[PDB]
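Novice: Chains as they are written, first to last, in the deposited numbering: chain A, 2 to 301; chain A', 2 to 301. A prime marks a further copy of an entry chain.
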Ligand SMILES: *[C@H](O)[C@H](CC(C)C)NC(=O)[C@H](CC(C)C)NC(=O)[C@H](CC(C)C)NC(=O)OCc1ccccc1
Ligand SMILES: *[C@H](O)[C@H](CC(C)C)NC(=O)[C@H](CC(C)C)NC(=O)[C@H](CC(C)C)NC(=O)OCc1ccccc1
Ligand SMILES: [Mg+2]
Ligand SMILES: [Mg+2]
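(1) Could you have a look at residue 293(A) and say whether DSSP puts it in helix, strand or coil?
(2) Could you please go through the chain and list the residues whose beta-carbon is closer than 6 Å to any non-hydrogen atom of ligand 3?
(3) Could you name the residues of the same chain whose beta carbon sits closer than 6 Å to that of residue 106(A'), not counting the 5 residues immediately before and after it, in chain order?
(4) Could you tell me whether any Cβ in chain A' is nearer than 7 Å to the Cβ of residue 6(A)?
(5) My parser needs the beta strand (DSSP E) runs of 3 or more residues fully inside the segment 132-185 of chain A; what are they?
(6) Hey, could you find the ends of the beta strand (DSSP E) residue 103(A) is sitting in?
(7) Does the distance between the C-beta of residue 192(A') and the nearest non-hydrogen atom of ligand 2 fall short of 6 Å?
(8) Does any CB atom of chain A fall closer than 7 Å to the CB of residue 125(A')?
(9) Give the list of continuous beta strand (DSSP E) stretches no shorter than 3 residues that lie fully inside the segment 26-71 of chain A.
(10) Taking the Cβ atom as the reference point for each residue, do residue 209(A') and residue 253(A') lie within a distance shorter than 7 Å?
(11) Tell me the residue span of the beta strand (DSSP E) that contains residue 116(A).
(12) Please state if the CB of residue 185(A) and the CB of residue 193(A) are separated by a distance shorter than 7 Å.
(13) My understanding is that residue 88(A) touches residue 35(A), with C-beta atoms under 8 Å, so please give their C-beta distance in whole angstroms.
(14) Can you name the residues that DSSP bridges to residue 81(A')?
(15) How would you label residue 31(A), buried or exposed, when you count the other beta carbons within 10 angstroms and need 16 or more for buried?
(16) Using 10 angstroms around the beta-carbon of residue 234(A'), count the other beta-carbons present and answer buried if the total reaches 16, otherwise exposed.
(17) Taking 8 Å as the threshold, find out whether the segment 218-233 of chain A' comes into contact with the segment 260-272 of chain A' through three or more Cβ pairs.
(18) Check for me: the alpha helix (DSSP H) holding residue 73(A') runs from which residue to which?
(19) So residue 272(A) contacts chain A'; which residues on that side make the cut at Cβ distance below 8 Å?
(20) For residue 17(A'), list the residues DSSP reports as bridge partners.
(21) Quick check on this structure: which residue in 93(A'), 66(A'), 11(A') and 95(A') has the alpha carbon closest to the alpha carbon of residue 81(A')?
(22) Compute the minimum distance between the beta carbon of residue 189(A') and the heavy atoms of ligand 2, and state whether it is under 6 Å.
(23) Assuming residue 2(A) contacts residue 283(A) under a Cβ cut-off of 8 Å, what Cβ separation, rounded to an integer in Å, is found between them?
(24) If you run the structure through DSSP and keep just helix, strand and coil, what is residue 128(A')?
(25) Is residue 82(A') near ligand 2, judged by its Cβ being under 6 Å from some heavy atom?
(26) How is the alpha helix (DSSP H) around residue 267(A) delimited, first residue to last?
(27) Please tell me whether residue 164(A) and residue 144(A) are closer than 7 Å, where the distance is taken between their beta carbons.
(28) What do you get for residue 232(A'), buried or exposed, if any count of 16 or more other CB atoms within 10 angstroms of its CB means buried?
(29) Quick one: Cα of residue 58(A') to Cα of residue 182(A'), how far?
(30) If you measure from the CB of residue 160(A'), is any heavy atom of ligand 2 nearer than 6 Å?
(31) Should the segment 148-156 of chain A be regarded as contacting the segment 60-77 of chain A, the criterion being three or more beta carbon pairs within less than 8 Å?
(32) List, in order along the chain, the chain A' residues whose C-beta lies closer than 8 Å to that of residue 179(A)?
(33) Beta carbon of residue 158(A), beta carbon of residue 104(A): below 7 Å?
(34) Should residue 235(A') be listed as close to ligand 2, given that the test is whether its C-beta is under 6 Å from any heavy atom?
(35) Is it right to say residue 178(A) is buried, meaning 16 or more other beta carbons lie within 10 angstroms of its own, or is it exposed?
(36) Please say whether residue 33(A') and residue 70(A') have beta carbons closer to each other than 7 Å?
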């Protein structure tokens, strides 16, 4: 028992709107007086192979865009384009605009996605940005424009917007500055993700969660250097561990009295010998979707 | 890739309040003009071995209870007791009281828990009521009074309130009529859960999800009777499958064109031979925390 938890979605549930442009609808985000959404809303199905987005944007009028906030309609009074993100200026400021940052996350960092169908919040989940900058979500038709966020104290920290999805549940998308995570473009050509590696610092975090929760069977007497851990790690498609990642594990290392390079030696043996049919926090697999901070904020 | 998703927590986030009674605080739920919470709020630490809850309730005055809705204080004007649930009548009706039912769920049914610390929403997760009527949640100090719910169209369907928790993440609690799920009492004596069995109809649902998402490797040519499935099921600590459960799998059986007793024969072989180190929706384990309806509403 150790729950993967999403942030309560109340504050983002406010900010969600349905954006339409021809027979293409998806979700938008409404902060102060600007409705943010994927720019591919302005495409026909015919013209998604290689859209000239500026030429497509030029042929649209402020009144081409049907923004709905409920069963209510909204008044568009300025279309703009930042990178792969359509910023629609609108009439009526969002009363519900919480304190917020637009933030960019690094691979391995976690966030909550409010999954929405046609402007209507449907479900919330916690994920990590994979090292190849894809999201293993659910493949849901109509979920383009759904956003990822962290809630830091008062402040809704928006980090992600869904642009493209595969039947494998594999999503790609942008920050709210409209720049893709990873080597992705918003056109329908063949596109390779990098090799998807296991997020080593998150597995270590989750072995610290396992300890804090009274699972000690995997703790060995032994120890390792960062370099000799990384020799093994890379044999098993684990990200190399960095001194910066060793540092953010510090607080869990102190709480449990298990030095980071001791937990690394624990992880090395699990990799080199496997689980032996045995179980950690009732998982068959080593889990990499908890950050050190995810464990700290939950394990206190 | 297939996301376990919680309901968006907006509507429940409204209804959450901090209840205090001496040096004991936990969470309450505020629907119309009644603040519902665990009755053990009225106990001292000393008197939790076998509290006489009526005698404890009698010695308290309407003004003994500190109900807070934010940094705001609330005015209590009538304490009552339904079963293990304290119903506090208060001044100020909840503006945010959504459409709601108080509902009782059966074992194996799923719901969202809004986890709260001291009246403050902290996190949301999707779980199933285990067959032994416990919840594998996170062990979080201050999470007593957190509620489970399903959101059915307009209607927040409240089904669960957390009363007691173990370091194993194993929670027990009541419906909002204050009756425990399972053989549990709200006093600190030794208490055994039943044997925790695997929720067969949910595993079948999730094999139908796996098919709908293009994982076919486990589909065998063969078929079985409900009785001969149940012979095997009970060997592997699976709940017996009922004709009623065979019925609620019908819609997934139609969507995929795989008859329920064919998917049962698929499940039998996975039980009798194991996974062979192989993977279903990228899980080592057969998963039992999706209902048939969980799959339908998500797989369309
Ligand atoms: C939601 O994100 C929406 C889902 C569709 C099923 C409607 N996505 C798009 O509309 C998006 C339009 C732009 C970004 C091209 N297209 C995709 O997300 C596309 C969906 C498939 C199922 C049609 N994703 C995709 O396949 O990646 C591009 C690609 C094309 C050809 C071969 C490999 C990869
Ligand atoms: C939240 O639910 C809160 C958590 C505590 C850690 C504060 N629960 C209670 O206060 C509750 C009070 C009533 C229901 C007795 N007590 C428990 O939930 C208790 C927590 C332990 C960690 C003290 N749960 C428990 O242990 O079950 C009862 C028990 C007692 C002795 C032996 C086995 C089982
Ligand atoms: Mg786009
Ligand atoms: Mg109680």
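Virtual Cβ for every residue (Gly too), placed ideally from N, Cα, C.
Specialist: Taking the structure as given:
(1) helix
(2) 39(A), 40(A), 41(A), 85(A), 164(A) and 187(A)
(3) 130 and 160
(4) yes
(5) 148-153, 156-166 and 171-175
(6) 101-103
(7) yes
(8) yes
(9) 26-32, 35-39 and 67-69
(10) yes
(11) 111-118
(12) no
(13) 5 Å
(14) 88(A')
(15) buried
(16) buried
(17) yes
(18) Premise fails: residue 73(A') is in no alpha helix (DSSP H) and is neither H nor E.
(19) Correct list: empty, because the minimum Cβ distance to chain A' is about 15 Å.
(20) 30(A')
(21) 66(A')
(22) yes
(23) 7 Å
(24) strand
(25) no
(26) 261-274
(27) no
(28) exposed
(29) 23 Å
(30) no
(31) no
(32) Correct list: empty, because the minimum Cβ distance to chain A' is about 25 Å.
(33) yes
(34) no
(35) exposed
(36) no
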